[PDB]
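All remarks here apply to the structure that follows.
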Amino acid sequence: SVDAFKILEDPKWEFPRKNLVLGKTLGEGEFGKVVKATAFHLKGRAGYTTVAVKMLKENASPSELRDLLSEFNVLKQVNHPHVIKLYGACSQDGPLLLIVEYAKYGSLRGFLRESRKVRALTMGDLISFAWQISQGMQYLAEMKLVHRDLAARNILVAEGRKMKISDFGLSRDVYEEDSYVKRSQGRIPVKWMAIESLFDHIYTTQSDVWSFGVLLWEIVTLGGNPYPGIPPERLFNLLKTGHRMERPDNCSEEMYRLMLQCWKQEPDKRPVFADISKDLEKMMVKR
Ligand SMILES: CC(=O)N1CCN([C@H]2C[C@H](n3cc(-c4ccc(Cl)c(N)c4)c4c(N)ncnc43)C2)CC1
Ligand SMILES: [Cl-]
């Protein structure tokens with residue numbers, strides 16, 4: 001009935017728009033506009049706190065609001081150190097604003113791309129990043145939740161070079177809830193899509209392991225674009241015929257072995273994030 005525009009008000013998460021000073025735009029993707037801000041008297045006590053506010057673009061489409069609200073409810077449920085922390089919101093009688101943790105160093109891909117022309121990033125730094133994101137995904141899988149997109153773009157980096165999983169707009173439950181859900185078709189970048197997602201549109205938690213395998217590639221390549229040059233059809237055939245991405249330039253032999261474990265044909269035989277987090281710690285403790 002009620003048009004999707006009208007949003008419900010959650011009492012715990014509603015923050016006064018009067019107690020918020022917006023500022024410099026941090027980015028404006030298809031997800032929406034995110035600006036830097038600081039909020040006074042946030043979560044009880046007592047001073048101001050520098051945050052980041054996502055919002056609708058000036059030319060927002062209904063699906064953008066539908067996904068921004070689908071991003072809201074997922075952020076409400078989850079609370080984890082390596083998952084960007086939702087601090088508040090501004091829904092009623094005004095533009096919808098999501099007050100979220102401020103991860104200064106920016107998108108992980110932007111963090112990796114900036115460093116290779118310039119800060120110095122050791123190899124031990126990269127395995128720590130994947131180990132951080134493995135724990136965060138481990139937490140989300142313990143919530144029995146699929147994140148779907150998972151890429152070096154959607155991962156954030158906070159103060160002290162700490163990872164924060166973000167962009168929960170496309171998330172879905174591994175076991176469905178709504179009796180009638182409108183499925184958001186073909187929104188995931190084909191290169192990060194698991195073979196089954198390409199084949200049968202199935203986005204499981206083991207599919208996010210496939211996504212994590214591509215993410216590992218992005219990290220070690222420092223922002224590299226996966227499967228270069230290949231069009232969409234040629235990629236589907238490549239994965240169907242059996243080929244994957246080859247061992248990247250200056251990547252560990254046991255690290256590349258893990259990447260192929262995530263691109264296994266059968267999702268049933270794919271390592272789980274809890275058993276992946278142990279594989280990444282074993283890599284650092286040697287060094
Ligand atoms: C086109 C494209 O591929 N781009 C790459 C990603 N860019 C994002 C803006 C920047 N960003 C975002 C957030 C943020 C805050 C709340 C939420 Cl709910 C979400 N999802 C994210 C954020 C932050 N808390 N602190 C610092 N920077 C931040 C990364 C946009 C452009
Ligand atoms: Cl974003």
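Identifiers in this document derive from the order of the structure tokens: chains are assigned A, B, ..., residues are numbered from 1 separately in each chain, and ligands are numbered from 1 in order of occurrence.
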
Check your understanding: Could you list, as number ranges by chain, all the residues within 10 Å of ligand 2, counting only C-alpha atoms and all ligand atoms?
Key -> A: 26-34, 54-55, 106-107, 153-156, 166-169

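Shortest separation to ligand 1 among A:123, A:198, A:108, A:251 occurs at residue A:108, atoms counted being only C-alpha atoms and all ligand atoms.
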
Point to revise | Selected residue of minimal separation from ligand 1 among A:146, A:157, A:239, A:121, counting only C-alpha atoms and all ligand atoms | key: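 For ligand 1, the nearest of the given residues is A:157.
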
Review point. Using only C-alpha atoms and all ligand atoms, which residue out of A:51, A:133, A:96, A:56 lies closest to ligand 1?
Key: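 Smallest separation from ligand 1 among the options: A:51.
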
Check your understanding: Quick one: residues within 10 Å of residue 101 in chain A, only C-alpha atoms counted, chain neighbours fewer than 4 positions away excluded, as a list in words?
Key ->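 Those residues are residues 49, 50, 51, 52, 53, 83, 84, 85, 86, 87, 88, 158 and 164 of chain A.
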
Point to revise | Minimum-distance residue to residue 67 in chain A, chosen among A:24, A:161, A:182, A:82 (using only C-alpha atoms) | key: A:182

Review point. From the list A:7, A:99, A:285, A:39, which residue is nearest ligand 1 when using only C-alpha atoms and all ligand atoms?
Key: A:99

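Distance annotation: of A:219, A:68, A:21, A:103, the residue with the minimal separation from ligand 1 is A:103; atom set is only C-alpha atoms and all ligand atoms.
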
**Study point:** strand (DSSP E or B) residues, from DSSP on the backbone, in range 90-251 of chain A, as a list in words
**Key:**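 Answer for range 90-251 of chain A restricted to strand (DSSP E or B) is residues 90, 97, 98, 99, 100, 101, 106, 107, 145, 146, 155, 156, 157, 163, 164, 165, 172 and 173 of chain A.
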
I need the residues from that last selection saved to file as a short mmCIF file (atom, residue, chain, number, x, y, z; two decimals), in the first residue's frame (with C-alpha atoms), if you can.
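Heads up, here's the output in part.cif:
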```
data_model
loop_
_atom_site.label_atom_id
_atom_site.label_comp_id
_atom_site.auth_asym_id
_atom_site.auth_seq_id
_atom_site.Cartn_x
_atom_site.Cartn_y
_atom_site.Cartn_z
CA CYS A 90 17.76 10.80 10.57
CA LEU A 97 20.69 10.35 6.68
CA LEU A 98 22.64 7.35 8.01
CA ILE A 99 25.18 8.41 10.66
CA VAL A 100 27.95 5.80 10.46
CA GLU A 101 31.48 5.22 11.74
CA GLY A 106 38.80 5.43 2.72
CA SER A 107 37.82 2.58 0.39
CA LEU A 145 23.69 -13.62 6.29
CA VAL A 146 24.99 -13.23 2.74
CA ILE A 155 35.59 -2.60 2.10
CA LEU A 156 36.51 0.45 4.19
CA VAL A 157 39.71 1.28 6.05
CA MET A 163 39.27 -2.89 7.92
CA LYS A 164 35.52 -2.20 8.10
CA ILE A 165 33.16 -4.18 5.86
CA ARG A 172 20.40 -11.15 1.69
CA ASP A 173 19.57 -13.84 4.23
#
```

**Study point:** Shell of 7 Å around residue 20 in chain A, only C-alpha atoms, local chain residues under 2 positions omitted, as a PyMOL selection string
**Key:** chain A and resi 17-18+22+38-40

Check your understanding: In range 21-151 of chain A, what's alpha helix (DSSP H) per DSSP? Answer as a VMD selection string?
Key -> chain A and resid 62 to 77 108 to 117 123 to 142

Check your understanding: Counting only C-alpha atoms, what is within 12 Å of residue 171 in chain A, bar same-chain residues fewer than 3 positions away, as a PyMOL selection string?
Key -> chain A and resi 67-75+78+140-141+143-150+165-168+174+176+183-184+187-188+203-205+208
